[PDB]
Structures are given as structure tokens and as C-alpha cells.
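The primary structure of each chain is shown beneath.
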Amino acid sequence: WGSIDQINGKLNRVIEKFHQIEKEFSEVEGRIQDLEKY
Amino acid sequence: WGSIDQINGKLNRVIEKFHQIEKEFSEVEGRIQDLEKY
Amino acid sequence: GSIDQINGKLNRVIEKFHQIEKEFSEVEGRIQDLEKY
């Protein structure tokens, strides 16, 4: 990547995808609670 | 320096969040292990 | 050098993210397995 603008664009894409992984992780953690809870 | 400092700041905040999430993954793995074992 | 250091740091973030994606996928697969069998 040659420009600041491009590095920032790529970083934003990572951030957006990560936002989604965090949400999915939260949902998985809930499913672990349910299994523990029985 | 303004653009470089802002990109660095943002990258550092991402890196920190990723270190946090890895700690949470470690804890969740422990809980999965307990469900698999017991 | 800066653009180079920034690129390096971005590449490390990207790599870490790919690791995270893989860990999460492995975690989810184990939960799935526990849920069914």
C-alpha cells in the first residue's frame, strides 16, 4: 500500500469484518452458557 | 506527521483489541475443555 | 521509515485478524459438536 488513504481503507475493512466476528463470538459465548447451564 | 500519527493510533487500538480478544478466547477454550471433559 | 513501518504494522494486524478468524472457526466447530452429539 502506497498511500495513507489506502492503508486506512484496508484497516477500515478489517475493522468492519472484526465487528462482525465480535458479534458472532458473543453469540457463541451465549451458547456455551446454555451448555453449562444445562 | 498528522496522518501518520492517526494511522498509527488506529492500528495500535486495533492491536490492543486483538490482544484482548485472544485473552477472551483462551478463557472460552478453557470452558469448552471443561464441557468436553466433564 | 514511516510508510514502510505503517505497512508493516498493518500487515501484522491483518495476520492477527486471520489468526482470530481461524480460532473463532475452531471454537464454533467445537460448540457445534457439543450441541449435537
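In terms of determination method and resolution, the entry is listed under X-ray crystallography at 1.90 Å.

Caption draft 1: Just the side chain of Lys16(C), in detail. Positionally, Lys16(C) belongs in helix 1 (residues 2-36). Classification of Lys16(C) by relative accessible area gives buried; the value is 18%. At 2.6 Å, the side chain of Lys16(C) and the side chain of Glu22(B) are in polar contact. In this structure the side chain of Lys16(C) is engaged in a polar contact, spanning 3.0 Å, whose partner is the side chain of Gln19(C). Those residues in contact with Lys16(C), other than ones at most four positions away along the chain, are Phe18(B) and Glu22(B).

Caption draft 2: Region of interest: the packing of aromatic side chains. Counting across every chain of the model gives five aromatic pairs over all chains. Judged by centre distance (4.9 Å) and plane angle (65 degrees), the ring pair of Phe18(A) and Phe18(B) falls under edge-to-face. You can see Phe18(A) sitting in helix 1 (residues 4-37) and its partner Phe18(B) sitting in helix 1 (residues 2-37), one on each of two chains. Ring centres 6.5 Å apart and planes at 90 degrees place the aromatic pair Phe25(A) and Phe24(C) in the edge-to-face group. Taken together, the positions of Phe25(A) in helix 1 and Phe24(C) in helix 1 put the pair across two chains. Classification of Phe25(A) as buried rests on a relative accessible area of 6%. What links up through ring pairs into an aromatic cluster is the set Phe18(A), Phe18(B) and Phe17(C).

Caption draft 3: Expanded view of the interface of chain A and chain C. With 15 residues of chain A at the contact, the number on the chain C side is 17 residues. Both sides together, the interface formed by chain A and chain C hides about 1,500 Å², and carbon and sulfur atoms give 80% of it. It is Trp1(A), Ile21(A) and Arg31(A) in chain A that bury the most area against chain C; as a group they hold 33% of the surface buried on that side. Along the contact surface separating chain A from chain C lie two salt bridges. Put simply, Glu35(C) and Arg31(A) hold a salt bridge, and the shortest N to O gap is 2.7 Å. Linking chain A with chain C are three residue pairs in polar contact, by the criterion used here. Partitioning the side of chain A that touches chain C into residue classes produces ten nonpolar, one polar and four charged.

Rules used in this analysis
Residues numbered from 1 in each chain as written, not as in the entry; some residues may be left out. Chains lettered and ligands numbered in written order. Heavy atoms only, no water. Helix = DSSP H or I, 4+ residues; strand = E, 2+ residues; numbered from the N terminus. Buried < 20%, exposed > 50% of the residue type's maximum accessible area, 1.4 Å probe, protein only. Polar contact = N/O pair within 3.5 Å; in protein donor to acceptor, adjacent residues only side chain to side chain. Contact = heavy atoms within 4.5 Å. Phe/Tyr/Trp six-rings, centres within 6.5 Å; stacked < 30°, edge-to-face > 60°. Buried area = accessible area lost by both parts, 1.4 Å probe. Salt bridge = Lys/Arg side-chain N within 4 Å of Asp/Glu carboxyl O. Nonpolar A, V, L, I, M, F, W, Y, C, P; charged D, E, K, R; others polar.

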